[PDB]
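Okay, here we've got a single chain as structure tokens, the form deposited in one PDB entry, with questions on binding and movement later.
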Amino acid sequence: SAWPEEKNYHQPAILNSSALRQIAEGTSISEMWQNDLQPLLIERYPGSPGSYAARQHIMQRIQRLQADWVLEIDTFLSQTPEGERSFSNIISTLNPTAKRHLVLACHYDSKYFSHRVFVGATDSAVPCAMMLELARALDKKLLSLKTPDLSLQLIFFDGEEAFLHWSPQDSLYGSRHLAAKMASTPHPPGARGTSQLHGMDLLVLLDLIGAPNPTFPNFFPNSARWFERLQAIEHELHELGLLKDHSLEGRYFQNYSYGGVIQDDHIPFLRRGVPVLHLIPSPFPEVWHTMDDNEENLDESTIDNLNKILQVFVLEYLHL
């Protein structure tokens, strides 16, 4: 039937001032930092001990929550410039059999560099922490989903980074795999025509977050009305005095276009028709692909602000 089009007419349920205050109070940037971010600041390129530890960390942090998250590990083999490697996407789903999910994603691998070590704080340890912080902060509300046909999913992609220099064949290992897999998988089971890709309302991909004064442009016409929601949320939170070290002149969400094409985990989803809201700034952080992409260079207030915005957005999307 026509359920794959419901995404196109889906509206937010907009939060009042007293609700926005409650969400602002319910996230803890220091707990994220201590409990979510710090354990991820390790070398975690595919097959390294760090990759296994990051993966166990993300799963433990998720399982400890009340909401009925279902984890799945999507593990596969691929040739690389270094020889064959194993890769493990982490998918964490509420209500797997619901036709529709809002999808938040990042990558949890770190790009390999020869020796100081590269731990890619903004790239993408912070995105990971933010997702885990969202799950934690919204737990009580997300628990209410264990009872339209729409829920939430988190994807932590492996193998986003090139091993050598970026090419079509050396990058996006995990996202190219999972997109192809979802494209061939009936959803709901027993349905004709419709895939798991049909079920993805919107893919919200966080990447390179945590540098000061980020500017996210409005990359895609087909997510522009959700981008406008992010601008609105930032604007109301500011006016309500719920953001820190934030100016309307220095706002994160700015309605301008972007000139090129960014390659990232959304690419295999976008080319098959999935709507993408790509929360990657332009320019990239100053420390991009640098040993200085580290904890010290992160802006805690900025990240805390983005947490508030993203959490409101997600509640508003899911009607919670």
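Position 1 is the first residue in the sequence shown; the rest follow in order.
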| property | result |
| --- | --- |
| Absent coordinates between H115 and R116 - deposited residues affected, binned into four classes | 1 to 3 |
| Of 31 to 39 and 260 to 268, the one with larger mean CA B-factor | 31 to 39 |
| Greater mean Cα temperature factor according to the PDB record, 202 to 210 or 166 to 174 | 166 to 174 |
| Peak C-alpha temperature factor (PDB record), options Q311, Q11, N305, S18 | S18 |
| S92 - which third its CA temperature factor falls in, relative to the rest of the chain | lowest |
| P281 - which third its CA temperature factor falls in, relative to the rest of the chain | lowest |
| Third of chain Cα B-factors occupied by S184 | middle |
| Chain third (lowest, middle, highest) by recorded CA B-factor, residue given as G241 | highest |
| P275, C-alpha B-factor rank within chain (lowest, middle or highest third) | lowest |
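This protein has a second form, the form solved in complex with a small molecule, left out of what is shown; the following refers to that one.
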| item | value |
| --- | --- |
| Non-hydrogen atom within 4.5 angstroms of the small molecule in the deposited complex for each of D36, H57 and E133 | no |
| The small molecule contact in the deposited complex: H101, any heavy atom under 4.5 Å | no |
| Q263, heavy atom within 4.5 angstroms of the small molecule in the deposited complex | yes |
| In the deposited complex, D123 touching the small molecule (heavy atom, 4.5 Å) | yes |
| Contact flag, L208 vs the small molecule in the deposited complex, heavy atom cut 4.5 Å | yes |
| Listed range touching the small molecule, judged in the deposited complex by heavy atoms within 4.5 Å, from 238 to 246, 155 to 163, 182 to 190, 87 to 95 | 155 to 163 |
